[PDB]
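For the sequence shown, position 44 (counting from the first letter as 1) is numbered 65 according to PDB author numbering, and the numbering increases by one without interruption.
All residues carry an ideal CB built from backbone N, CA and C; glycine is no exception.
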Amino acid sequence: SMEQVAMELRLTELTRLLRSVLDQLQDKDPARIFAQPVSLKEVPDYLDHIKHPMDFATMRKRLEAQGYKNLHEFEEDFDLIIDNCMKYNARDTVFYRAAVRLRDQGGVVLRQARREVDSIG
Ligand code: NA
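This is how it looks when you write it as structure tokens:
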């Protein structure tokens with residue numbers, strides 16, 4: 022029907038911005054600590070600690086299937102990447118300290134990304 026593609030149209034301009042955001046957010050992780058999912062072969066107890074694992078590659082797959090219907094859904098999965106790391110890893114570790122820096126530098130990008138989604142509609 023006409024509305025539906027206008028809606029799918031709207032969804033189709035929500036993902037690329039979110040992608041540009043996902044490109045920019047991942048540029049603040051040059052070490053690639055949060056690129057892939059945490060391995061349950063290398064970390065066998067990881068699902069005792071973390072109930073909802075997330076990473077950039079998993080977000081990318083969901084993005085590629087137009088899974089994010091709004092900026093909030095994208096922001097929840099980006100917060101999971103940070104929040105899971107900072108629980109599992111201790112305060113004196115390169116992992117925790119990479120998640121802190123990604124949050125601080127990522128908040129600059131998500132600020133303007135909200136402004137664009139609201140303005141463009
Ligand atoms: Na902890």
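Query                                                                                                                                                : Result
Using 10 angstroms around the beta-carbon of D98, count the other beta-carbons present and answer buried if the total reaches 16, otherwise exposed. : buried
In whole angstroms, what is the alpha-carbon distance linking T114 and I71?                                                                          : 18 Å
If contacts are defined as beta-carbon pairs under 8 Å, then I102 and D76 qualify, I think. What distance do you get, rounded to the angstrom?       : 6 Å
Between which two residues does the alpha helix (DSSP H) holding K49 run?                                                                            : Counting along the chain, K49 falls outside any alpha helix (DSSP H), and DSSP gives it neither H nor E.
Where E96 and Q87 are concerned, what is the direct C-alpha to C-alpha distance, given to the nearest angstrom?                                      : 15 Å
I need the boundaries of the alpha helix (DSSP H) containing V129, first residue and last residue.                                                   : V115 to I141
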